[PDB]
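Cβ placement follows ideal geometry from the backbone for every residue including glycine, while neighbour counts extend to all protein chains displayed. Values quoted throughout were computed directly from the atomic coordinates according to the rules given, and no laboratory measurement underlies them.
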């Protein structure tokens, strides 16, 4: 009659560890096509009904929301990969899951997982030491300031639809990173706006901030769109004649009183409307719509206004001209105003776009992209995001290691020799760790269409011949040196990946039982 | 601004005549924007197929199977037009090929509208060249995007 | 050669005579599969050498690749391949000519 769990499912034993292994393979198998710049993209449909397609492991695992506890640990460690580094969230989960696959036959042989986890901790400790030996300090050495940024951005943009126009896109990509303080570089500070229509090579770089120009209200052919030093005013409240929401009940029996209450509704609005002119600002920006009466009164005094501007764009305006948002039109102070070097409304893409240009106080920028289709430009923007992260980390981190299979093979190469000196179960565990490091160069060839059998075996040949820098060429299929091909990643990525993947692996291998309470 | 005044004996007749006129306005917009024109019905997909099929042997690789299938995929459009017009899709397609090979490379299309011959020139069936280029582009672009997706995960509605 | 000769025809003669040439590719495909060689790769390499060169280039299991089969002393008499397509066309005919199977005693 009595029950221990009161109907709360709890399972233990070696079968629970196997169930944790199958969960790590399921998460790995989903991220395998998303590994590498040429890797395939995953189709994810969230319960929010927003269909997204991306290859970035961070965004992928955040939108899946896997309830499985052992599989959720691989998601939590991927968010740590997005925190400590921010790049490589796809490879850290695949490598951690591969450690679960290589530890599966050891569980059937009767080898305890604690000796397996202890073997990885000694393997990573030797692996990080080899990465420090593979860390090459380079700043001005055999490279200039311009060639270091350009030649590294061309490789990230290679094998893409932008390959032919890459010469123009590297110039805007390098100038985008140099437009910000090299001490603190944030990808969020670089704005990117997609412009439908037009040629890809005609894209422009804006030093200031731009937005969509969502103003739908009539009164056009006025309010000149080109200003030299406009005074930008950030507004909150609603200046439209006929208001959005509220109202009032007024009972009057006279005809002159009918026109009076209509003029009263006008005078109450015109009061705060005239206070905008008393500030003497040429640009009026508000997150709420600016009605026909307001845009007409601004047209007579030659004041430009745009309503219903996104909040994300208004925050960049504050970071551009150094202004501030004031709630009312009365108390507006002079320091809340701001000014740019040039203001123009561009018709590029058969659509009107307001832009601020030449802001000396701007901590952010905006880069416009053009193309024949909105989906193609989105691929250009994401291929640019991969190029920005390489250019950004090049200045922030001067210690680099050869990527694209180069470093992955050298770490796996030496640990096979280090395992010869160690005897016992730890020898087969280190050999399994070095074998688990072979999944990274493998999936890079499988996702790009290259043959995994020939290229990997040929890579194991020349790399064993005394040259440590041989990677996998992503352009023309062959083995080659990525140090010459300029495939570069900082040493902190390879160190934090081996530390985070083994950590998440050690947390899952240490779980004998999963207790889930229902309620 | 101009206002096109449209009438019809029935609702659907008004909406059909209005959208048919709007379809002509989109053609005139492309004819003025780009003076380059081709005769597009049944002619373009065959000429595109005959040129790629000849160059497929010179490429010598994975592209040879991709270009051969690309020419066969282009042949779907004229065969589909022949199936909608009540003609043999296999017989009409090859008939258009032999006329564009044994004689000369030109625009000879499907008989769908009807004439004494299959020529699209004297029949005055024309499509914008910028319209035919964007049609074969976005079609290939999405085909690469569908093959770009190696995994599909769809959740429920909460 | 037959695929290029089918482009000079009209009507039905264009479509089906292309499929007959594609059905001839099964022989080199099974030779590459049974020998462990890559199906798609080896066929494209032989289709590459047959546009410039000639019949001498073929699959050789001794060299584990594509080389000259005349210098490797691999020689198939013409009657074997002649009696092959001939008996194959008579078999496929006798099959398609059978529209039904009825029990008759």
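Kindly put A:269, A:303 in sequence by how many other C-beta atoms sit within 10 Å of each C-beta, fewest to most.
A:269, A:303
With a ≥ b ≥ c the root eigenvalues of the C-alpha gyration tensor of the stretch A:330-476, is it rounded (a/c under 1.5), prolate (a/b larger than b/c) or oblate?
prolate
Plugging the Kirkwood radius over Cα pairs into Stokes-Einstein for the stretch A:300-364, at a temperature of 4 °C and a viscosity of 1.567 mPa s, what D comes out in µm²/s?
Taking Rh from Cα pairs, D becomes 97 µm²/s.
What shape does the stretch A:87-164 have by the C-alpha gyration tensor, where a ≥ b ≥ c are the square roots of the eigenvalues, rounded means a/c under 1.5, and otherwise prolate means a/b greater than b/c and oblate the rest?
oblate
Compute the distance from the alpha-carbon center of the stretch A:76-142 to that of the stretch A:154-168, in whole Å.
Here the answer is 31 Å between Cα centres.
Binned at 10 Å from 0, what are the whole-percent values of the Cα-Cα distance distribution for the stretch A:22-140, short to long?
Over the stretch A:22-140, the share of Cα pairs per 10 Å bin runs 12, 35, 33, 16, 4, 0 percent.
Along the three principal axes, how long is the stretch A:271-319 when you take its alpha carbons, biggest first, rounded to the nearest angstrom?
Sorted largest first, the three principal extents are 29, 20, 18 Å.
Regarding the stretch A:183-224, what's the average projected area of the Cα-atom convex hull, expressed in nm²?
5.4 nm²
Measure nothing but the geometry: give the 0 to 90° angle between the long axis through the Cα atoms of A:145-156 and the longest principal axis through the Cα atoms of chain A, rounded to 10°.
On a 0 to 90 degree scale, this one is about 70.
On full extension of the chain, what length is gained from residue A:54 through residue A:287, given 0.36 nm per residue of separation minus the C-alpha to C-alpha distance?
80.8 nm
Can you divide the C-alpha Rg of the stretch A:209-259 by 2.2 N^0.38 Å and report the result to two decimal places?
This ratio for the stretch A:209-259 stands at 1.84.
If one puts a single equal scatterer on every Cα of the protein assembly as shown and applies the Debye formula without solvent, what log₁₀ I(q)/I(0) results at q = 0.07 Å⁻¹?
Result of the Debye calculation: -0.81.
Shape verdict for the stretch A:429-491, please, from the Cα gyration tensor: rounded (a/c under 1.5), prolate (a/b greater than b/c) or oblate.
In terms of gyration-tensor shape, rounded.
When only Cα pairs under 8 Å and 6 or more residues apart are kept, what is the percent relative contact order across chain C?
Answer for chain C is 13 percent.
Apply the Kirkwood formula to the stretch A:363-428: the hydrodynamic radius equals the inverse of the mean of 1/r over all pairs of different alpha-carbon atoms; give it in Å with one decimal.
For the stretch A:363-428, inverting the mean 1/r across all distinct Cα pairs yields 16.2 Å.
Quick one: among C:60, C:94, C:48, which has the greatest mean-square fluctuation in a GNM of chain C with alpha-carbon springs under 10 angstrom?
Answer for the Gaussian network model of chain C: C:94.
Quick check on the stretch A:246-364: what are the equivalent-ellipsoid semi-axes from the Cα gyration tensor, as sqrt(5λ), descending, whole Å?
Equivalent ellipsoid semi-axes, largest first: 34, 16, 13 Å.
Once you have the Kirkwood Rh of the stretch A:459-519 from its Cα pairs, apply Stokes-Einstein at 10 °C and 1.306 mPa s and quote D in µm²/s.
Diffusion coefficient, whole number: 104 µm²/s.
What translational D, rounded to a whole number of µm²/s, comes out for the stretch B:13-158 from Stokes-Einstein when the hydrodynamic radius is the Kirkwood one over Cα pairs, at 10 °C and 1.306 mPa s?
Value of D from the Cα-based Kirkwood radius: 90 µm²/s.
Over chain C, how many percent of alpha carbon pairs lie in each 10 Å bin up to the one with the longest distance?
Answer for chain C: a P(r) of 12, 32, 34, 15, 5, 2 percent.
Counting each DSSP H run of 4 or more residues in chain B as -39500 (n - 2.57), what helix-only mean residue ellipticity at 222 nm follows after dividing by all residues, to the nearest 500 deg cm²/dmol?
The helix contribution divided over chain B gives -19000 deg cm²/dmol.
Can I get the semi-axes of the stretch A:309-409's equivalent ellipsoid? Compute them from the C-alpha gyration tensor as square roots of 5 times the eigenvalues, in angstrom, largest first.
36, 21, 11
I'm a student and want to see the number: the projected area of the Cα convex hull of the stretch B:1-53, averaged over all directions, in nm².
Mean shadow area of the hull around the Cα atoms is 5.8 nm².
Would you mind computing, in nm to one decimal, how far apart the modelled labels at residue B:113 and residue A:167 are, each placed 7 Å from Cα along Cα→Cβ?
Calculated label separation equals 4.4 nm.
P(r) of the stretch A:160-281 in 5 Å steps, Cα pairs, percent per bin?
2, 6, 10, 13, 13, 11, 9, 9, 8, 6, 4, 3, 2, 2, 1, 0
If you project the alpha carbons of the stretch A:1-85 onto their three principal axes, what span does each projection cover, largest first, in Å?
Computed over the stretch A:1-85, the largest-to-smallest principal extents equal 58, 30, 24 Å.
Starting from 0.36 nm per residue, how many nanometres of slack lie between residue A:121 and residue A:67 once their C-alpha separation is accounted for?
Extra length from residue A:121 to residue A:67 when fully extended: 16.6 nm.
Over the C-alpha atoms of the stretch A:148-188, what are the Rg and the largest Cα-to-Cα span, Dmax, in Å?
Both quantities, over Cα of the stretch A:148-188: 11.1, 32 Å.
Would you kindly compute the Cα radius of gyration of the stretch A:58-203 and its largest Cα-Cα separation (Dmax), both in Å?
Final numbers for Rg and Dmax: 21.3, 64 Å.
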